[PDB]
Amino acid sequence: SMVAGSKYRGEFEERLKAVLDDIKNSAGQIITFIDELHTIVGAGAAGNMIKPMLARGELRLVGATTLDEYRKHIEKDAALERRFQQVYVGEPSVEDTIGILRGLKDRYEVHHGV
Amino acid sequence: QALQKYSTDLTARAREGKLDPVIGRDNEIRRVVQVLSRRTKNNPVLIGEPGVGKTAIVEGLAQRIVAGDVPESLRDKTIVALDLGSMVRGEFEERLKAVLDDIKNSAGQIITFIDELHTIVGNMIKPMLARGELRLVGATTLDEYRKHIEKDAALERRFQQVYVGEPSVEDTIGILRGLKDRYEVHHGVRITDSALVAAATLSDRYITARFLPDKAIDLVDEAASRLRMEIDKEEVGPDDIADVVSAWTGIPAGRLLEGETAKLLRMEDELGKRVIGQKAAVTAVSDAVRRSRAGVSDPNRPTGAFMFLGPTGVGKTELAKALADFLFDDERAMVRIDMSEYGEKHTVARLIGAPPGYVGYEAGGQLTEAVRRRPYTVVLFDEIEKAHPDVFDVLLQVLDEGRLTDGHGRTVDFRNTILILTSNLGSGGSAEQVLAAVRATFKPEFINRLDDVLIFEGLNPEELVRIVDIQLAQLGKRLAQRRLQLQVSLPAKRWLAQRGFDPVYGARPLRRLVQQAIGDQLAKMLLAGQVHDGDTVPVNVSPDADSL
Amino acid sequence: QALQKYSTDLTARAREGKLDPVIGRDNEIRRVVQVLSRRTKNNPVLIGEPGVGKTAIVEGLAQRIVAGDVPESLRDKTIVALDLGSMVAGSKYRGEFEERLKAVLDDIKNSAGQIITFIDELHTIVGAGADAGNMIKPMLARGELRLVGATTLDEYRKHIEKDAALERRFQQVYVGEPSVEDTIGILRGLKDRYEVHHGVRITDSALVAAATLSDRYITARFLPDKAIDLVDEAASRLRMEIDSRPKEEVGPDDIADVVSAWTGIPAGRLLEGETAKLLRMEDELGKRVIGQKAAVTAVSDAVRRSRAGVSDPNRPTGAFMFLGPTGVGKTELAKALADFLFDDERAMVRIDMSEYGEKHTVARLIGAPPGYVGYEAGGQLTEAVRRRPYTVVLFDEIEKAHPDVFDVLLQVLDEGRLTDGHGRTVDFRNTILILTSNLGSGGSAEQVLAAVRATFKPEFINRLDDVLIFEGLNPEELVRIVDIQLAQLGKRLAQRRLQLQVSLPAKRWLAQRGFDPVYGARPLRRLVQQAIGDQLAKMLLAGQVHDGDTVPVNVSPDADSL
Ligand SMILES: Nc1ncnc2c1ncn2[C@@H]1O[C@H](COP(=O)(O)OP(=O)(O)OP(O)(O)=S)[C@@H](O)[C@H]1O
Ligand SMILES: Nc1ncnc2c1ncn2[C@@H]1O[C@H](COP(=O)(O)OP(=O)(O)OP(O)(O)=S)[C@@H](O)[C@H]1O
Ligand SMILES: Nc1ncnc2c1ncn2[C@@H]1O[C@H](COP(=O)(O)OP(=O)(O)O)[C@@H](O)[C@H]1O
Ligand SMILES: Nc1ncnc2c1ncn2[C@@H]1O[C@H](COP(=O)(O)OP(=O)(O)O)[C@@H](O)[C@H]1O
């Protein structure tokens, strides 16, 4: 919805500048979170006007992407990886899945009345 | 002032101290220096496996440069590594144009270092490299050299190959004891000095995927790492290393030490755990194989060349499988060749190979091809007694020198294998008629070169039930998906033992008989009804069959 | 403005002196000029083996143009060196390289005819298609661009000659490699850039030594270049020695040192220390082989003559065949020589002759012709001698191979030549050939010679040197080979501190036993094993004998006991 309507030759640039400066106003409070942060590689005509802001550490920018996709869009440019810290996530096992399902089998009962 | 925005540095980062020590391997540095201080071919490439220390070598050259040991010809220089992840189209090439033009406009001491150049090699660097305004310290793998830089290059004629080999355990321990102070800022413990040598000599033996200098870092750097969870006992040791090495290799922590007396005197009823009875043969073979681990005989001979014969279906092959998986840690380490078709001279060469250009050549010889790979196998010779009298000439120089040449021209090493000449002649007489038949059918010179010629014997009905119980346990492992057991009766066991003897084949029909009745009958049971999960399923003997 | 971000300028690079003094090769420059100064289709191509001076010709032409030494219609032509790789780098679209090349072609043809072109390695001109390297075929056969080229004789007919409409517009200028005297002249001309790149001095004697040596021993490269590597490497090594490390010039000994260290050959001029060992060579070799004094002398004189500088330089260093009774020491002498010459036992290339009873089995040491099963592999012997061209070759027991295998090495002997499937020749010019036999086996010096003359043909005996007859084993010195075997067993018993105290009557009995007069000293090894090693392993595994036990032996009349 940031690039939804923007066609007057500077609109998306100034819009992203404004929202980023809004992020930088309140320091520490707001933890940004972009899902599928590989999409910001292009999306301009972002990605390059967020790097200098990230060189200040003010924004937190927790993210999430798939492993194979990380080394296709993000790991094309090395100036991005210098400010990224990968935390691998493993899939749960059978016992953990049984526990999770035991914890979740109360919402489907109120959804479907059985 | 144009590339720092996009690349790293190993010269300015050397004045800071972020580099680790450079201890050891001082010949390769001088070789690289004298190769780079040339007029032609003045750019070396380091050729070695991964994790051997190429980056260590180049950063050590940089660390020597920063203090000043090189001649003035390459003094007051600076070196930079190339970040290959920055390129990998349209970017692998445009960024390459940009960086090469940056180096051109640097015009001097910007000596580079490309890691894994076998991925970059392709020709746009040749018109700039032949002009001589940049140097290229390379690093890659030998096998990727013969593939890319020998064909895809067209520039191989201006690359020197500086060879880097993995260090030994002694200088590995040296590097380890050199890099122990920096392990007080990331982890804080009192690292012991015996831990380092233990980790080195242990990683060397069993770990195979990695190589020495870096392989000793997935060690104790792991032991000092996984001793951190106990702050939410400050001395690491050989136990705190073995506990992770065993969990790594999946082998239980029993063989952590004593690989010369344990697993050698332990050659006992643990063999009998696999083969039931035949204690005389077990002891004879164990003594013969442990005699060869002394070091008094000539090193060019098989580890054990004994044979044995008698009746079939008693455990001849089973003793072989047990010896194989005990002595070589693998059950599928046998080469069972069948000497029943080698009854002609035009079929003798089928096990050695054929010359380069005739029918069976790429298939290789039937004997040597299985030994070129995994030279730690036992080689069974089924039905040797009826082989044509020309394979004996081959196995003569086999058990005379641990050498043999296949059709390709290669030379195979036999001096650490175990030969077995299974035969079935006789089997009726107690001890003497089989010896007479041996002396009549075999060349008495060959048997003199052979080791013990021990004989097998029949099986006792009391211990025969143990094998039936082994098969019943094998089956019981399978019907656990329904959580069933078997309440087995002694008349049933003895009935199975009598109906699976057939003294012309031995214990061959057990795998079929025990399977058929029990499995299929109880499967029909579970399918129809009258049995559910957790049942006991008692089994007894009907007048003829064994009802459940 | 296009042919300046995609092109260098060789002419303007020659004015700065940033080129090399091309020496000689006048016919090639003359033909390049007279082909470059015609009316239509004036495109020359410099063909030749790799490293024979193809680019140096163009550099010399550039220097000649700068100096004003060309015909009248070649003044101030500013030859330009394109790089077609920097135009196909960034282009992932429809019609990008087409524009990038059309701009250059238009800027060439816009000026007058003084933009003489130079595309090095023009076998890369057929790519970038998808109609590429094909837009210039109109301007080629019209004398619009000159296009001086250069490519390898092998890469020519692999990439270009499949485009017979494109190779019609090129005139092939063949460039062959020079001779030794021409290389000496080139080096004399070039012995000024290295003397200033390194702070050392170089001698004409060293230059001549390099030019002469690199032609005889480095037999897989060509010779304007294989001789400058030696000079450069020797200068670099001597500089690294002279400076920064705790006769100030390179001479004719450092070049030989480089040629010896690299490619592993004792070529040189017999420095000190080797001569001592070569004088004390027969007496030393006689320590591992006892007797045969009439056959050690010939083998030793062969190597002494070879490394003394007096031998036919294009022929093997020795082709001895020695035969005689069984178990006398033929292969043992062969192995002793291989050990004394290389300090290693596996260095020799031993092939048997019991597996070659059949005619078709010769393809193992030759190879296979094109279009057959094993063809990229090659031949066993050829590959084994391509690398390590200094070993000795043992043709063990060459009597069983039937008379068709002899004809193969009939020209290995007397020339040192052998070809494989790929048609490449390998030279056995500095390897000692040795082939044993057992023909005769009982006769005198006139009965076994008849057997040789009957089993071989006159064109085969004529190739090889002295036919040595090994003499029998003299009942006296038999104790010494027993001492040899005992010392070998003792050296084997080194991982422990074990010693031995073998008695004189025990030695006498061990020598008398296992010495069958028809089988020489064959059973002695097995006899020593049976009578020592089994009992020692028993007494070492059953306790009661630990390490350091210098235990003796006795006669024990029937069988040798502890
Ligand atoms: N006539 C000559 N005068 C002086 N130096 C020469 C002469 N011919 C060759 N050289 C030198 O010998 C070496 C041979 O290099 P080049 O001939 O340039 O390689 P090349 O001929 O391009 O072969 P390739 O296959 O392209 S590497 C260079 O150092 C040349 O300077
Ligand atoms: N003069 C000798 N000096 C030392 N060892 C000798 C001598 N003659 C024979 N031997 C030993 O005899 C054994 C076999 O010698 P070989 O050279 O293999 O026999 P051979 O000369 O090849 O004869 P054949 O016909 O080929 S079996 C080795 O253990 C040698 O050490
Ligand atoms: N002589 C040495 N001195 C200090 N560290 C060494 C030495 N040899 C090896 N190492 C260590 O071993 C590791 C090997 O890693 P590296 O050389 O990057 O792998 P690669 O062989 O793929 O370049 C390095 O982290 C280095 O610290
Ligand atoms: N002593 C024994 N210990 C364990 N299993 C045995 C024994 N004797 C026979 N068997 C079983 O009986 C079968 C006999 O088959 P096999 O070993 O091929 O016979 P042979 O060795 O005579 O060729 C094997 O599957 C084996 O599991």
# chains A, B, ... in the order shown; residues from 1 in each chain; ligands from 1
call {"tool": "select_by_dssp", "arguments": {"residues": "region 118-202 of chain C", "states": "alpha helix (DSSP H)", "output": "MDAnalysis selection string"}}
result
chainID C and resid 137:140 153:159 180:190 194:197
call {"tool": "residues_around", "arguments": {"residues": "residue 56 (chain B)", "least_positions_apart": "5", "cutoff": "10 Å", "atoms": "only C-alpha atoms", "output": "PDB file with N, CA, C and O atoms, in the first residue's frame"}}
result
ATOM      1  N   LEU B  19      43.312  -9.842  13.052  1.00  0.00           N
ATOM      2  CA  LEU B  19      43.798 -11.084  12.479  1.00  0.00           C
ATOM      3  C   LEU B  19      44.334 -12.003  13.573  1.00  0.00           C
ATOM      4  O   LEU B  19      44.847 -11.560  14.605  1.00  0.00           O
ATOM      5  N   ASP B  20      44.196 -13.301  13.336  1.00  0.00           N
ATOM      6  CA  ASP B  20      44.721 -14.316  14.235  1.00  0.00           C
ATOM      7  C   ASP B  20      46.206 -14.528  13.957  1.00  0.00           C
ATOM      8  O   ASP B  20      46.754 -13.971  13.003  1.00  0.00           O
ATOM      9  N   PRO B  21      46.899 -15.316  14.784  1.00  0.00           N
ATOM     10  CA  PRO B  21      48.318 -15.584  14.517  1.00  0.00           C
ATOM     11  C   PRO B  21      48.526 -16.277  13.179  1.00  0.00           C
ATOM     12  O   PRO B  21      47.591 -16.680  12.485  1.00  0.00           O
ATOM     13  N   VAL B  22      49.801 -16.409  12.820  1.00  0.00           N
ATOM     14  CA  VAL B  22      50.204 -16.898  11.509  1.00  0.00           C
ATOM     15  C   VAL B  22      51.110 -18.107  11.687  1.00  0.00           C
ATOM     16  O   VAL B  22      51.742 -18.571  10.732  1.00  0.00           O
ATOM     17  N   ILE B  23      51.169 -18.616  12.921  1.00  0.00           N
ATOM     18  CA  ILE B  23      52.201 -19.566  13.322  1.00  0.00           C
ATOM     19  C   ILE B  23      52.246 -20.757  12.374  1.00  0.00           C
ATOM     20  O   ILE B  23      51.211 -21.311  11.984  1.00  0.00           O
ATOM     21  N   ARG B  25      54.040 -22.977   8.854  1.00  0.00           N
ATOM     22  CA  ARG B  25      53.914 -22.918   7.399  1.00  0.00           C
ATOM     23  C   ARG B  25      54.568 -21.654   6.834  1.00  0.00           C
ATOM     24  O   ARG B  25      53.908 -20.764   6.296  1.00  0.00           O
ATOM     25  N   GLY B  51      39.606 -25.648   3.937  1.00  0.00           N
ATOM     26  CA  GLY B  51      39.951 -25.661   5.344  1.00  0.00           C
ATOM     27  C   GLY B  51      41.376 -26.076   5.642  1.00  0.00           C
ATOM     28  O   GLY B  51      41.656 -26.605   6.722  1.00  0.00           O
ATOM     29  N   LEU B  61      50.880 -13.435   5.112  1.00  0.00           N
ATOM     30  CA  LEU B  61      51.698 -12.581   4.258  1.00  0.00           C
ATOM     31  C   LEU B  61      51.413 -11.112   4.545  1.00  0.00           C
ATOM     32  O   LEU B  61      52.334 -10.292   4.638  1.00  0.00           O
ATOM     33  N   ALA B  62      50.134 -10.766   4.706  1.00  0.00           N
ATOM     34  CA  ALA B  62      49.772  -9.383   5.016  1.00  0.00           C
ATOM     35  C   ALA B  62      50.325  -8.948   6.371  1.00  0.00           C
ATOM     36  O   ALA B  62      50.828  -7.826   6.518  1.00  0.00           O
TER      37      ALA B  62
END
call {"tool": "interface_residues", "arguments": {"of": "chain B", "to": "chain A", "cutoff": "9 Å", "atoms": "only C-alpha atoms", "output": "PyMOL selection string"}}
result
chain B and resi 5-7+83-88+91
call {"tool": "closest_atom_pairs", "arguments": {"of": "chain C", "to": "ligand 1", "cutoff": "8 Å", "atoms": "only C-alpha atoms and all ligand atoms", "output": "Markdown table"}}
result
| residue | atom | partner | partner_atom_place_in_ligand_line | distance |
| --- | --- | --- | --- | --- |
| C:20 | CA | ligand 1 | 31 (O) | 6.1 |
| C:21 | CA | ligand 1 | 4 (C) | 5.7 |
| C:22 | CA | ligand 1 | 3 (N) | 3.5 |
| C:23 | CA | ligand 1 | 3 (N) | 4.0 |
| C:24 | CA | ligand 1 | 1 (N) | 5.4 |
| C:25 | CA | ligand 1 | 1 (N) | 5.9 |
| C:49 | CA | ligand 1 | 25 (O) | 6.9 |
| C:50 | CA | ligand 1 | 25 (O) | 3.6 |
| C:51 | CA | ligand 1 | 23 (O) | 3.5 |
| C:52 | CA | ligand 1 | 21 (O) | 5.0 |
| C:53 | CA | ligand 1 | 17 (O) | 3.1 |
| C:54 | CA | ligand 1 | 21 (O) | 3.8 |
| C:55 | CA | ligand 1 | 18 (O) | 4.6 |
| C:56 | CA | ligand 1 | 18 (O) | 5.1 |
| C:57 | CA | ligand 1 | 1 (N) | 6.9 |
| C:120 | CA | ligand 1 | 26 (O) | 7.9 |
| C:121 | CA | ligand 1 | 26 (O) | 7.2 |
| C:150 | CA | ligand 1 | 26 (O) | 7.6 |
| C:151 | CA | ligand 1 | 26 (O) | 6.9 |
| C:152 | CA | ligand 1 | 25 (O) | 6.1 |
| C:186 | CA | ligand 1 | 3 (N) | 5.3 |
| C:187 | CA | ligand 1 | 4 (C) | 7.5 |
| C:189 | CA | ligand 1 | 4 (C) | 7.2 |
| C:190 | CA | ligand 1 | 4 (C) | 6.6 |
| C:224 | CA | ligand 1 | 12 (O) | 5.0 |
| C:225 | CA | ligand 1 | 12 (O) | 4.7 |
| C:228 | CA | ligand 1 | 12 (O) | 7.2 |
call {"tool": "atom_distance", "arguments": {"atom1": "CA of residue 276 (chain B)", "atom2": "CA of residue 303 (chain B)"}}
result
24.6 Å
call {"tool": "residues_near_ligand", "arguments": {"ligand": "ligand 4", "cutoff": "6 Å", "atoms": "only C-alpha atoms and all ligand atoms", "output": "number ranges by chain"}}
result
B: 274-277, 312-318, 467, 507-508
call {"tool": "residues_near_ligand", "arguments": {"ligand": "ligand 3", "cutoff": "8 Å", "atoms": "only C-alpha atoms and all ligand atoms", "output": "list in words"}}
result
residues 20, 21, 22, 23, 24, 25, 48, 49, 50, 51, 52, 53, 54, 55, 56, 57, 60, 139, 172, 175, 178, 179, 213, 214 and 217 of chain B
call {"tool": "write_last_selection", "arguments": {"atoms": "N, CA, C and O atoms", "output": "mmCIF file, in the first residue's frame"}}
result
data_model
loop_
_atom_site.group_PDB
_atom_site.id
_atom_site.type_symbol
_atom_site.label_atom_id
_atom_site.label_comp_id
_atom_site.auth_asym_id
_atom_site.auth_seq_id
_atom_site.Cartn_x
_atom_site.Cartn_y
_atom_site.Cartn_z
ATOM 1 N N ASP B 20 44.196 -13.301 13.336
ATOM 2 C CA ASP B 20 44.721 -14.316 14.235
ATOM 3 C C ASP B 20 46.206 -14.528 13.957
ATOM 4 O O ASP B 20 46.754 -13.971 13.003
ATOM 5 N N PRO B 21 46.899 -15.316 14.784
ATOM 6 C CA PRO B 21 48.318 -15.584 14.517
ATOM 7 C C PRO B 21 48.526 -16.277 13.179
ATOM 8 O O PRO B 21 47.591 -16.680 12.485
ATOM 9 N N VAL B 22 49.801 -16.409 12.820
ATOM 10 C CA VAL B 22 50.204 -16.898 11.509
ATOM 11 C C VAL B 22 51.110 -18.107 11.687
ATOM 12 O O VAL B 22 51.742 -18.571 10.732
ATOM 13 N N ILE B 23 51.169 -18.616 12.921
ATOM 14 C CA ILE B 23 52.201 -19.566 13.322
ATOM 15 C C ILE B 23 52.246 -20.757 12.374
ATOM 16 O O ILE B 23 51.211 -21.311 11.984
ATOM 17 N N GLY B 24 53.459 -21.137 11.981
ATOM 18 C CA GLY B 24 53.673 -22.302 11.148
ATOM 19 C C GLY B 24 53.626 -22.003 9.665
ATOM 20 O O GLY B 24 53.221 -20.910 9.259
ATOM 21 N N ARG B 25 54.040 -22.977 8.854
ATOM 22 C CA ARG B 25 53.914 -22.918 7.399
ATOM 23 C C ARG B 25 54.568 -21.654 6.834
ATOM 24 O O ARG B 25 53.908 -20.764 6.296
ATOM 25 N N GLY B 48 44.688 -26.354 -2.959
ATOM 26 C CA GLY B 48 44.532 -27.239 -1.820
ATOM 27 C C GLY B 48 43.071 -27.484 -1.515
ATOM 28 O O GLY B 48 42.176 -26.855 -2.090
ATOM 29 N N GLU B 49 42.839 -28.418 -0.598
ATOM 30 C CA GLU B 49 41.492 -28.741 -0.170
ATOM 31 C C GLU B 49 40.914 -27.598 0.665
ATOM 32 O O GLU B 49 41.637 -26.682 1.062
ATOM 33 N N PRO B 50 39.607 -27.612 0.921
ATOM 34 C CA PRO B 50 39.030 -26.587 1.795
ATOM 35 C C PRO B 50 39.466 -26.772 3.240
ATOM 36 O O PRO B 50 39.673 -27.891 3.716
ATOM 37 N N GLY B 51 39.606 -25.648 3.937
ATOM 38 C CA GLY B 51 39.951 -25.661 5.344
ATOM 39 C C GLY B 51 41.376 -26.076 5.642
ATOM 40 O O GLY B 51 41.656 -26.605 6.722
ATOM 41 N N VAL B 52 42.289 -25.843 4.703
ATOM 42 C CA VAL B 52 43.696 -26.153 4.915
ATOM 43 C C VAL B 52 44.521 -24.932 5.304
ATOM 44 O O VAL B 52 45.578 -25.091 5.937
ATOM 45 N N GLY B 53 44.077 -23.716 4.996
ATOM 46 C CA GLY B 53 44.800 -22.545 5.449
ATOM 47 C C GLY B 53 45.278 -21.608 4.359
ATOM 48 O O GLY B 53 46.309 -20.955 4.521
ATOM 49 N N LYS B 54 44.551 -21.533 3.243
ATOM 50 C CA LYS B 54 44.928 -20.611 2.173
ATOM 51 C C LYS B 54 44.744 -19.160 2.606
ATOM 52 O O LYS B 54 45.656 -18.332 2.465
ATOM 53 N N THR B 55 43.548 -18.828 3.100
ATOM 54 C CA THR B 55 43.321 -17.497 3.648
ATOM 55 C C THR B 55 44.267 -17.211 4.803
ATOM 56 O O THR B 55 44.719 -16.074 4.968
ATOM 57 N N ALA B 56 44.584 -18.231 5.603
ATOM 58 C CA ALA B 56 45.578 -18.058 6.656
ATOM 59 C C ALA B 56 46.930 -17.671 6.073
ATOM 60 O O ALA B 56 47.596 -16.768 6.585
ATOM 61 N N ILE B 57 47.340 -18.333 4.989
ATOM 62 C CA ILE B 57 48.611 -18.017 4.342
ATOM 63 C C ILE B 57 48.626 -16.572 3.867
ATOM 64 O O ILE B 57 49.596 -15.837 4.091
ATOM 65 N N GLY B 60 48.633 -14.107 6.626
ATOM 66 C CA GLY B 60 49.945 -14.114 7.246
ATOM 67 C C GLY B 60 50.962 -13.338 6.438
ATOM 68 O O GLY B 60 51.828 -12.663 6.998
ATOM 69 N N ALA B 139 43.081 -18.847 -5.103
ATOM 70 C CA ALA B 139 42.873 -19.963 -4.183
ATOM 71 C C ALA B 139 41.684 -20.769 -4.675
ATOM 72 O O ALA B 139 40.594 -20.215 -4.852
ATOM 73 N N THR B 172 49.516 -29.373 13.863
ATOM 74 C CA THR B 172 48.124 -29.073 14.188
ATOM 75 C C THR B 172 47.974 -28.728 15.667
ATOM 76 O O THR B 172 47.337 -27.730 16.025
ATOM 77 N N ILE B 175 49.360 -25.235 16.192
ATOM 78 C CA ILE B 175 48.382 -24.183 15.910
ATOM 79 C C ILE B 175 47.347 -24.105 17.025
ATOM 80 O O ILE B 175 46.922 -23.016 17.425
ATOM 81 N N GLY B 178 48.806 -22.438 19.991
ATOM 82 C CA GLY B 178 48.961 -21.031 19.680
ATOM 83 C C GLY B 178 47.660 -20.266 19.791
ATOM 84 O O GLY B 178 47.638 -19.140 20.299
ATOM 85 N N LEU B 179 46.563 -20.857 19.324
ATOM 86 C CA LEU B 179 45.247 -20.228 19.404
ATOM 87 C C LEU B 179 44.483 -20.800 20.598
ATOM 88 O O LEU B 179 43.626 -21.678 20.480
ATOM 89 N N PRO B 213 43.412 -28.409 9.764
ATOM 90 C CA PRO B 213 43.469 -27.149 10.533
ATOM 91 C C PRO B 213 42.116 -26.642 11.005
ATOM 92 O O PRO B 213 42.020 -26.098 12.113
ATOM 93 N N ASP B 214 41.065 -26.811 10.207
ATOM 94 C CA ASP B 214 39.727 -26.369 10.576
ATOM 95 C C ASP B 214 38.923 -27.464 11.266
ATOM 96 O O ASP B 214 37.981 -27.156 12.002
ATOM 97 N N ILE B 217 38.519 -27.367 15.046
ATOM 98 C CA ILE B 217 37.813 -26.212 15.572
ATOM 99 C C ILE B 217 36.323 -26.486 15.763
ATOM 100 O O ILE B 217 35.714 -25.916 16.675
#
call {"tool": "closest_residue", "arguments": {"among": "B:281, B:169, B:10, B:354", "to": "chain C", "atoms": "only C-alpha atoms"}}
result
B:354
call {"tool": "residues_around", "arguments": {"residues": "residue 344 (chain B)", "least_positions_apart": "4", "cutoff": "9 Å", "atoms": "only C-alpha atoms", "output": "list in words"}}
result
residues 348, 387, 388, 389 and 390 of chain B
call {"tool": "write_last_selection", "arguments": {"atoms": "N, CA and C atoms", "output": "CSV table (one decimal), in the first residue's frame"}}
result
chain,number,residue,atom,x,y,z
B,348,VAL,N,39.1,-67.1,-17.6
B,348,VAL,CA,40.0,-66.8,-16.5
B,348,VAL,C,40.1,-65.3,-16.4
B,387,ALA,N,37.2,-74.8,-9.7
B,387,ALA,CA,37.7,-73.8,-10.6
B,387,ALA,C,38.8,-74.4,-11.4
B,388,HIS,N,38.9,-73.9,-12.7
B,388,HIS,CA,39.9,-74.4,-13.6
B,388,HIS,C,41.3,-74.1,-13.1
B,389,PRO,N,42.3,-75.0,-13.3
B,389,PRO,CA,43.6,-74.8,-12.7
B,389,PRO,C,44.4,-73.7,-13.4
B,390,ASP,N,43.8,-72.5,-13.4
B,390,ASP,CA,44.6,-71.3,-13.8
B,390,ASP,C,44.3,-70.1,-12.9
call {"tool": "residues_near_ligand", "arguments": {"ligand": "ligand 2", "cutoff": "10 Å", "atoms": "only C-alpha atoms and all ligand atoms", "output": "VMD selection string"}}
result
chain C and resid 286 to 293 322 to 336 396 to 397 436 to 439 441 470 to 474 477 to 478 480 to 485 515 519 to 526
call {"tool": "residues_around", "arguments": {"residues": "region 237-252 of chain C", "least_positions_apart": "5", "cutoff": "7 Å", "atoms": "only C-alpha atoms", "output": "ChimeraX atom specification"}}
result
/B:34,71 /C:198,200-203,205-206,209
call {"tool": "write_last_selection", "arguments": {"atoms": "C-alpha atoms", "output": "compact mmCIF listing (two decimals), in the first residue's frame"}}
result
# COMPACT_ATOMS: atom_id res chain seq x y z
CA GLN B 34 59.19 -15.15 -4.77
CA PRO B 71 61.91 -6.89 0.06
CA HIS C 198 66.09 -7.78 -10.47
CA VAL C 200 71.53 -8.94 -10.41
CA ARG C 201 73.72 -9.72 -13.42
CA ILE C 202 73.31 -12.35 -16.13
CA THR C 203 75.98 -13.97 -18.29
CA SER C 205 77.15 -18.31 -20.83
CA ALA C 206 73.98 -18.65 -18.75
CA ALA C 209 73.11 -22.76 -21.29
call {"tool": "residues_around", "arguments": {"residues": "residue 532 (chain B)", "least_positions_apart": "5", "cutoff": "9 Å", "atoms": "only C-alpha atoms", "output": "NGL selection string"}}
result
:B and (482-484 or 526)
call {"tool": "atom_distance", "arguments": {"atom1": "CA of residue 365 (chain C)", "atom2": "CA of residue 338 (chain C)"}}
result
21.2 Å
call {"tool": "closest_residue", "arguments": {"among": "B:104, B:332, B:266, B:290", "to": "chain C", "atoms": "only C-alpha atoms"}}
result
B:290
